[PDB]
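Descriptive structure summary
Single-letter residue listing:
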Amino acid sequence: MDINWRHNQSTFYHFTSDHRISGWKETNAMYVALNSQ
Amino acid sequence: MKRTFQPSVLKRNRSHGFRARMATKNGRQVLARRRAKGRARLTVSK
Amino acid sequence: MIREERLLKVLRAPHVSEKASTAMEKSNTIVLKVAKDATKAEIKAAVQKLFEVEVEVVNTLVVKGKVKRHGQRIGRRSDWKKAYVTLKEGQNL
Amino acid sequence: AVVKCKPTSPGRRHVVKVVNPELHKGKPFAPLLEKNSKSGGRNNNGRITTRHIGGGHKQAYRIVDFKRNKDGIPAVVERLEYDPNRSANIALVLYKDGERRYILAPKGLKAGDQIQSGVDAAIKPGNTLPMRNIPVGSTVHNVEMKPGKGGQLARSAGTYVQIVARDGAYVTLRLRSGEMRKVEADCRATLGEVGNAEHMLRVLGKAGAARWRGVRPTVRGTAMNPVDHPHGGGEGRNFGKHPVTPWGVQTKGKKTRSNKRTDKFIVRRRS
RNA sequence: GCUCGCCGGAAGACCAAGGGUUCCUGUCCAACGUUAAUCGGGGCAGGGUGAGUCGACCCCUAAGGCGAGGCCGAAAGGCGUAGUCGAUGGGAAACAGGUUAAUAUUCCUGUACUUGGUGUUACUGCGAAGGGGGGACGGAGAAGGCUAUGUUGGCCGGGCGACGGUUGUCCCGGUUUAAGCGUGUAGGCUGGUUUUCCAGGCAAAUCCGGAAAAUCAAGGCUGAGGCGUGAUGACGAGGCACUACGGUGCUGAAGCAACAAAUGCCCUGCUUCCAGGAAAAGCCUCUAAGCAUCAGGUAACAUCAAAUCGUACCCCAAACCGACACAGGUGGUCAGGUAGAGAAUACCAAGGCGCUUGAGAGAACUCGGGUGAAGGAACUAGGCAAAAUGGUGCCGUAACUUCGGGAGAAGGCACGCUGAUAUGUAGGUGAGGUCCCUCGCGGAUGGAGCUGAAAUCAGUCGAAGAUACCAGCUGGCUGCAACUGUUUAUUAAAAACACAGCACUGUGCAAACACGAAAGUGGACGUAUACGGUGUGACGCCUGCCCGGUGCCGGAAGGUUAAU
RNA sequence: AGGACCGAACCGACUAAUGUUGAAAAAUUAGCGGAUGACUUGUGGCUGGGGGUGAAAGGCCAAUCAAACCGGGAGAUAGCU
């Protein structure tokens, strides 16, 4: 359980996805930034 | 959805197996580092 | 011919179970654990010459070892080989 | 015979076929066939060296006799056949000693027709003979460039070469290019012109026809990004550059012959 | 255990890949199981995988890998000849029934087949990393002959029935049988046989190829299925005797015919079309060197051998890939009934499941749905969403057009059930009988029986007959793109990319060009009617002027101009 | 006959709604496009990082791409926090 918890905390450490906050969290930040311009 | 690891034993061995690490200079250096690090399984054979 | 020094090392134990038992009491076959590298000619010759009976035919399977564990330490047992030795009409053991 | 297809279903609207009722409907002659594996445009390094190649139909190679070595033995043309490896058709011929061979089919040549290779051959279309024995001003195909080597000039369909001069040990040849070239006069050549001229009149009609001759699509350079082709980029259509190959060498004019070894043999370049 | 619901071209069954004991039995409930658990793919122990014929190994090869020498390269190393590996392909042979808690084309019963070794006997020219054949192989389409399978009748066994009727044009069930061996059919292909001669198959050849004759008109090859045997056997609905009520033994009737019919088989066929459709071995043949009263070949018989590894279990999934017992992904094989064109869809059979939290209540609100007065786009960025349309036959159908289309334009009418025509027709199939015989798996006649649309007329029911499920909304003007396609895996499917077609330009073959310190390889076993690059992008009418700038091509006089 | 027409398997992904600490690190449901072809799919092989491949989007190259991943130079450098 401890090994699975360390690896499953280590899941989104090297991500790329920009529309999702922290790799996973859905948001509207594309529209927020885009409307700020 | 179709994930990346679609397993096949024959491609596992032809690709990353022992006779294929020993077949060249750099794979032999791979085996040398795995033995020197001291590793329970060197290649992926079975 | 097969040398007798080879031919003694092949048979290892009689196999006791209920499939073995019904094979003896129903179809003349004695079931026995053999050497892992033992061929059917060696098992046939070794039952011909070590229990002095007449063997009709041998059928050999290989049984795979079970991954047990002690505490939190695993381990596979060990593969063995099992020979179904079909005798002729005149036999005892 | 060229035939416009009737325009049922687009795709057939613009097709022109070149049908030939005198070609053999059936299997080719087997012991002159061999395996011809398709490459994909890719060398022994795996890399695409010639682009736009790949796919298409499976083809078997046909050993065509370009040398024409059986001298003095006559041969009757057994039949004409479709060859997938060429523009022209091939004639299967039967020599008098019982040996069949495929030759390139010249223009007039039908089934049941005598051809004959060698020095003392009659001058009539289909006979391969050395060019010191052919008259000046004769159409001639399947020309050798070195004696004994095999034919390499005028092999593609509807193509001939005219012999214009015999100055010494050399014959001046008007190649189909328009180029005047000197060839050694001991080089064999086959009389007549090679015979499927109407090949150039076909029109293919759709995209998949090109695809089934093994010609993958051609992405044009200006549609790419600047990292890909020198033409690249630009906010809608934007050319602005002198037109080049994908490797920067000028297309549209720039001469790319450098031989210096065979410049002796070129009397006049093409125009 | 009885009911109820769900899947049933799957949510059933069998595998491959992958996993690796999860399989089966006994036992335990700590943790694992999104709850409880006596249960479990969990814990512990024991058991379980049986092969000459299935698969692998093996023989042969494709793509491709590696590669003695070799060519090349500062070194490492690249390429590659001989060779050697490499299946996803080619190559010998087993089927039915029974059995275990758990394996079975493997065990048992019955009946078989294949390939090698050895021995005997009879005849005898055998012999290759060599020659020839063969293996040997496309897309589409069309029927014909069959079968699997199903339906109905006959037969056999059982029932006469909780509620009106049900001894009959009644109800329920069964009606199965293989490989192998023998026969040779519906098809399909090909003229056959004998003699002589030859510049071909590196040599030889009796084989192949070729050229002459002569004669006969048939022979040969291949082939589904049927039929006979296998099989007076097995299986069989059910009864009988004991019954650790789990079953265990014994016995066991009929076991036929008609019709329908595949996407399976004849068929690697046939017809056709361009886009012109693997290789090598096994296999059959020919001989060379050699061996020639020997060895070897062929045939019969006998005898021996056929090793090794896989075999459990899941396999559209709780066991594989997805961190999960995850609403996802995952190749092949089998494919019953009724309605239906159908592998759609509805309801079902075989079979398998009810999705590992439940009990209530019946607020707002959210989600998935049903219906809605009058109105009917007034909503809105925009008819988004929903509603509507929806089948088959027949009538009918405009502009425009590349003469194909548009077109299912548009718009209509008919549709159930019953009866008659006709105790079910037209059609399909086709027995007994009869006739002939080159006599049988034959052809001619004949129509019993079975199957069976579709139409008209008459009648009848309902508000409604394409009644459910399933199943086009239509028309008008216009921009872009000719069209089918492709693309931003994961906010962009588009007018963008592609395209056929056009043009310009390079390229004479050791081609230009590309990958490569090089060797080499692709271009291409191609040769200018070809190949590469660039732009434009079907088709129709067309494509005007400018060479001063930048580029390219050509010129060589003069100026300037490096190493030396 | 057909890069032909309608339409399942099969391939895809146009719209809407849900979901958005999901059942799911891209799906479900209802409609939707192709569906004999430039199709689709299984098994194997080949191409590799300024390199591949690209019907071209800077797309894709193991949930990573205007230059992959791993290890090293390496405690880079950071007048900045």
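What counts, and at which threshold
What you see is numbering from 1 along each chain in written sequence order, possibly unlike the entry, with residues lacking coordinates removed. The naming scheme follows written order: chains are lettered A onward, ligands numbered 1 onward. Here we see some chains out of a larger assembly; the values all refer to those chains and nothing more. The basis for every side-chain value is the complete set of heavy atoms in the structure, and neither hydrogens nor water enter the calculation. UniProt positions are given in the numbering used here, feature names are shortened, and annotations may be inferred rather than shown by experiment. For the purposes of this entry, the term helix denotes a DSSP run of H or I that reaches at least four residues, the term strand denotes a run of E that reaches at least two, and both are numbered from the N terminus. Every residue pair with non-hydrogen atoms within 4.5 Å of one another is taken to be in contact. We define proximity as follows: a residue is near a molecule or strand when any one of its heavy atoms falls within 4 Å of that partner. Polar contacts, as used here, are pairs of N or O atoms within 3.5 Å; protein pairs need one atom able to donate a hydrogen and one able to accept it. Residues neighboring in sequence count only if both atoms are side-chain atoms. By the convention adopted, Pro, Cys, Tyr, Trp, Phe, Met, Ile, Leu, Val and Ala count as nonpolar, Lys, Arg, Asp and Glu as charged, and the other residues, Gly among them, as polar. Strand pairing is assigned whenever DSSP detects at least two bridges linking the two strands. Think of each axis as a best-fit line through the C-alpha atoms, taken over the contacting stretch in the case of a helix, with angles from 0 to 180 degrees between the N-to-C directions. Patch membership needs two things, relative accessible area over 30% and no salt bridge, and members are linked within 9 Å if like-charged or within 5 Å if nonpolar (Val, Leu, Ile, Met, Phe, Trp, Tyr). Areas reported as accessible are Shrake-Rupley estimates using a 1.4 Å probe. Residue values count occlusion only from the protein chains shown. Criterion for a salt bridge: a side-chain nitrogen of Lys or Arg within 4 Å of a carboxyl oxygen of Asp or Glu. Three labels apply to residues, based on accessible area from a 1.4 Å probe with only protein chains included: buried if under 20% of the type maximum, exposed if over 50%, partly exposed otherwise in between.

As recorded in the PDB header, cryo-EM is the method behind this entry, and the stated resolution is 3.97 Å.

Taking the PDB entry as the reference, chain D is identified by name as 50S ribosomal protein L2 belonging to Escherichia coli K-12. The title assigned to this entry in its PDB record is "Structure of the collided E. coli disome - VemP-stalled 70S ribosome". Quoted straight from UniProt, the Subunit (literature references left out) entry for chain D says "Part of the 50S ribosomal subunit. Forms a bridge to the 30S subunit in the 70S ribosome, contacting the 16S rRNA. Interacts weakly with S6 in one of the 3.5 A resolved structures. In pull-down experiments interacts with CedA." Database annotation for chain D, UniProt heading Sequence similarities: "Belongs to the universal ribosomal protein uL2 family."

Looking at the PDB entry, chain C carries the name 50S ribosomal protein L23, with the source organism given as Escherichia coli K-12. The record in UniProt for chain C states the following under Function (literature references left out): "One of the early assembly proteins, it binds 23S rRNA; is essential for growth. One of the proteins that surround the polypeptide exit tunnel on the outside of the subunit. Acts as the docking site for trigger factor for Ffh binding to the ribosome (SRP54) and to nascent polypeptide chains." Regarding chain C, the relevant UniProt record gives this comment under Sequence similarities: "Belongs to the universal ribosomal protein uL23 family."

Relative to the helices and strands, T159 of chain D is located in the loop between strand 12 (151-153) and strand 13 (161-165). Beyond its immediate stretch of four places on either side in the chain, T159 of chain D contacts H141, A154, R176, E193 and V194 of chain D.

This next bit is on the protein's contact with RNA strand F. Of all residues adjacent to RNA strand F, which total 37 residues, the nearest are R20 and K25 of chain A, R3 of chain B together with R216 and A223 of chain D. Of all RNA strand F atoms lying within 4 Å of any protein atom, the proportion belonging to sugar or phosphate reaches 58%. One nitrogen or oxygen atom from the side chain of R14 of chain B is found 2.9 Å from a sugar or linking oxygen belonging to RNA strand F. Between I48 of chain D and RNA strand F, the recorded distance is 3.0 Å, taken from a backbone N or O atom to a phosphate oxygen. Of all the secondary structure elements, the ones that give two or more residues to the surface near RNA strand F are helix 1 (9-16) of chain B together with helix 1 (207-211) of chain D. Tallied by class, residues from the surface near RNA strand F come to 13 nonpolar, 12 polar and 12 charged.

Attention now moves to the sheet that holds strand 1 (residues 11-14) of chain C. All names here are of chain C. Read from one edge of the open sheet, four strands run 1-2-6-3, paired in antiparallel fashion. Of all the strands in the sheet, just strand 1 and strand 3 (55-63) have a single pairing partner and so form its edges. Taken pair by pair, the neighbouring strands of this sheet meet at an average axis angle of 35°, ignoring direction. Across three bridges, strand 1 lies against strand 2 (residues 29-34) in antiparallel orientation. Looking at the pairing, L11 lines up with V34 of strand 2. Taken strand by strand, helix 3 (residues 40-50) contacts strand 1, strand 2, strand 3 and strand 6 (80-87), and its axis lies near 125° from that of strand 3.

Residue and element names in this part refer to chain A. Taken together, the side chains of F12, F15 and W24 define a hydrophobic patch exposed on the protein surface, amounting to about 340 Å² of accessible area. Along the chain, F15 turns up in the loop between helix 1 (2-7) and helix 2 (29-36). With relative accessibility at 41%, the residue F15 sits in the partly exposed group.

Quick look at the pattern of salt bridges now. Residues and elements named next belong to chain D. Counted by the stated rule, this structure contains 17 salt bridges over all chains. In this structure, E193 engages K107 in a salt bridge whose closest nitrogen and oxygen atoms are separated by 3.3 Å. Of the two residues, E193 is situated in the loop between strand 16 (188-191) and helix 1 and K107 in the loop between strand 7 (100-104) and strand 8 (114-116); the sequence distance between them amounts to 86 residues. Judged by relative accessible area, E193 falls into the partly exposed class, the value being 21%. Across the pair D186 and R132 runs a salt bridge, and its minimum N-O distance is 2.6 Å. Of this pair, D186 sits in the loop between strand 15 (180-184) and strand 16 while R132 sits in the loop between strand 9 (128-130) and strand 10 (139-141); the two residues are 54 residues apart in sequence, bridging distant segments of the chain. For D186, a relative accessible area of 44% puts it in the partly exposed group. Among the ionic contacts, a cluster of salt bridges with common partners joins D65, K70, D97, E99 and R101.

All names here are of chain D. With respect to topology, seven strands assemble into an open sheet ordered 9-16-10-13-14-15-17, the strand pairing being antiparallel. Each edge of the sheet is formed by a strand with only one pairing partner; in this case those strands are strand 9 and strand 17 (266-268). Each adjacent strand pair in this sheet contributes to an overall mean axis angle of 45°, direction not counted.

All right, on to unusual backbone geometry then. Residue and element names in this part refer to chain D. The phi dihedral of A154 is positive, around 55°, even though this residue is not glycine. Here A154 lies in the loop between strand 12 and strand 13. On the basis of relative accessibility, which here comes to 11%, the residue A154 falls in the buried class. Residue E235 is not a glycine yet carries a positive backbone phi of 70°.

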